[PDB]
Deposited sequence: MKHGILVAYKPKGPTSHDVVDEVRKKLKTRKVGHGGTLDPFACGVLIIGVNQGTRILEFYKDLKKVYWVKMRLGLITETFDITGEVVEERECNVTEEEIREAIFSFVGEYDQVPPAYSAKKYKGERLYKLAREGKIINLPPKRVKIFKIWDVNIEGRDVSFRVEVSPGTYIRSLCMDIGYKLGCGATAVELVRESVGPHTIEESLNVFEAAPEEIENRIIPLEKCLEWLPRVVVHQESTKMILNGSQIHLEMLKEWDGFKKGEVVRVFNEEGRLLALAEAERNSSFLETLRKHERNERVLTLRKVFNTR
């Protein structure tokens, strides 16, 4: 029984949960989830968590993503994408030059209003369910960050480019906003998530065409997940303790790799096994122990694996 992360590739068409169902089917495993939804009209990297691996999916919410969109100027739909019923389809009269200005004025952070067709909740209900009911909601804007936009290609009302964004950013909203700047509206017609954090589309596995054995070999085990988080090893004797829920004290330790207080770090078994993820109670340099323990606070323990 494997535990870990799978960098899946979702083709255009399937819902993100369809991908999860393909993995549950091929691996004959019930515990599967994803770490960030990709709309049905889009394709690209979709992080999949298997077994105990579902327990570290939360860590993918805070990573940066890189997107390659193509939008059509002068077109507006209800969903903000090509699958939505068209609400308006005018002829945007703008020059490559303004278009260029409007797209790069978004660079830097700004306050983005999420699409009515989204997974946000309003009084216990999904916003895309209320929208199908015809209740179009405009939630408060969220502080978003567009780190950079490159590979811009224009031709007609067809504009495309790549963009690295912060967590919580909707490309569909971005396209509509740029269109608003140009004052004519724009709608996303193709969207490709080329990366989520360190995981790229080049390493993604299309689970729909892969046989169960390769999907299986493709799973990244826990010990190799969240490699961007600082490591920490404990004495091969302290393992059973930790696995029992024992917090971590200076006593039970060994080697560490520096960590700013509050930092989430992964506790290793010095035999390699990942025992748990814990939070830093202080800065790791304070080897000052002329006396007294308490060091890392238990966040998640990987019992039974």
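Against the full deposited sequence, the model leaves out just one stretch, namely 293-296.
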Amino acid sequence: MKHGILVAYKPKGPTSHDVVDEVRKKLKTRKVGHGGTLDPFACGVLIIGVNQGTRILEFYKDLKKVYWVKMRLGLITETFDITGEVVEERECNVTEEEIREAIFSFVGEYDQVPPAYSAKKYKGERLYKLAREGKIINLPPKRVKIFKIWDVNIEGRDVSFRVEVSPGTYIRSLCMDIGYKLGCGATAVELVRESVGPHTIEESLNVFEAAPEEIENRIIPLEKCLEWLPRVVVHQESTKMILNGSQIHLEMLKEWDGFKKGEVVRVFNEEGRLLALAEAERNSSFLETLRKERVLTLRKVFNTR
From here on, numbers count along this sequence of modelled residues.
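Across the two stretches, 40-48 and 262-270, the PDB entry reports the greater mean Cα temperature factor for 262-270. When 218-226 is weighed against 133-141, 218-226 comes out higher, by mean CA B-factor as recorded in the entry. Of the candidates 174, 82, 233, 116, the one whose C-alpha carries the top B factor in the deposited record is 233.
Listed residues 64, 254, 70, 55 were ranked by CA B-factor as deposited; 254 comes out on top.
In the deposited entry, the Cα temperature factor of residue 31 places it in the middle third of its chain's modelled residues. For residue 202, the recorded CA B-factor ranks within the middle third of the chain. Only modelled residues enter the ranking. Among the modelled residues of its chain, residue 90 has a C-alpha B-factor that falls in the highest third, as given in the PDB entry. When the CA B factors of the chain's modelled residues are split into thirds, the value for residue 183 lands in the highest one. Residue 97: CA B factor in the highest third of modelled residues in this chain (values from the PDB entry).
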